[PDB]
Novice: 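Just dropping this structure here.
Counting begins at 1 with the first residue of the sequence. As the structure lists them, so they are numbered: ligands from 1, and atoms in each ligand from 1.
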Amino acid sequence: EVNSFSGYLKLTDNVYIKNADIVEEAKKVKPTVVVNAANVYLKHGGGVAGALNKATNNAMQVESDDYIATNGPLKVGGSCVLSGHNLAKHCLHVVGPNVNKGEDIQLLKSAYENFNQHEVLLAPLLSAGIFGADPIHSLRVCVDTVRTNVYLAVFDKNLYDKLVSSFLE
Ligand SMILES: CC(C)[C@H](Nc1ncnc2[nH]c(-c3cnc(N4CC(O)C4)nc3)cc12)c1ccc2c(c1)S(=O)(=O)CCC2
């Protein structure tokens, strides 16, 4: 079955959310697109990006280095489409702003706008965790910006509950 997402809560007509590890979701669902929470040089050193790269047994990092050699780094708010490897048909590498490193939070809208080139995506909550954005604000920008069908995997039950309660106010 194609894009067999299970156990998500529908927030709006095109945004769904689950308390889940994006890596485990990608292995089970094998979505058409999985979103990576990338940086501009596609160095998948830890967090979500490191976990997705490790699940490809480093094939994602080798492919990423070859893309950067030929094309140069991405811009903050930008993206590129590369292979999904064993996780998906394609991986959409999206660079959200890292507010802990001084990048502008307004670029989070540009980051989510990349999702609209793909009909169905499995994605993390951009710029959350160690990128420093307020995760409730990231969900609001997602809901207001994405018009295609997005399935958000948030690997923390405490944050999942706060996000759903924030949305349903
Ligand atoms: C908010 C937080 C709960 C969320 N975390 C996540 N959300 C969804 N799926 C996830 N899988 C993992 C994971 C991590 N490590 C291992 N590992 C196997 C072993 O080698 C370590 N496996 C899976 C974490 C994760 C989140 C969302 C966005 C961002 C971050 C974190 S970040 O990575 O801090 C910076 C980039 C933006």
Novice: Applying salt bridge (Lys or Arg N to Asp or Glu O under 4.0 Å), which residue pairs with at least one partner in residues 62-89 are found, sequence neighbours left out?
Specialist: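 Applying salt bridge (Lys or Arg N to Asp or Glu O under 4.0 Å) to every pair that reaches into residues 62-89, excluding sequence neighbours, yields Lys43-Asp65.
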Novice: Measuring from each atom of ligand 1, which residues have a heavy atom under 4.0 Å away?
Specialist: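 Residues near ligand 1: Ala20, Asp21, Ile22, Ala37, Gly47, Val48, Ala51, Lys54, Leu125, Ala128, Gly129, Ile130, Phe131, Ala153, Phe155, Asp156, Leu159.
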Novice: Do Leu11 and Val141 sit in one hydrophobic cluster, given that two such residues count as connected whenever their side-chain heavy atoms are within less than 4.5 Å of each other, even indirectly?
Specialist: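 Yes, one cluster joins them.
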Novice: Roughly how far, to the nearest 0.5 Å, is CG of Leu74 from CD1 of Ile68?
Specialist: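 Interatomic distance, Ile68 CD1 to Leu74 CG, rounded to 0.5 Å: 5.5 Å.
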Novice: Please, which pairs that meet ring pair (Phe, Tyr, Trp, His ring centres under 6.0 Å) have at least one residue in residues 36-82, sequence neighbours excluded?
Specialist: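 Non-adjacent pairs meeting ring pair (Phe, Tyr, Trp, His ring centres under 6.0 Å): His44-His93.
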Novice: When rounded to the nearest 0.5 angstrom, what is the spacing between CG in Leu42 and CG in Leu82?
Specialist: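 It comes to 7.0 Å.
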Novice: In chain order, what residues pass the side chain to side chain donor-acceptor pair (under 3.5 Å) check against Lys18, with sequence neighbours excluded?
Specialist: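 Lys18 satisfies side chain to side chain donor-acceptor pair (under 3.5 Å) with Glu25 only.
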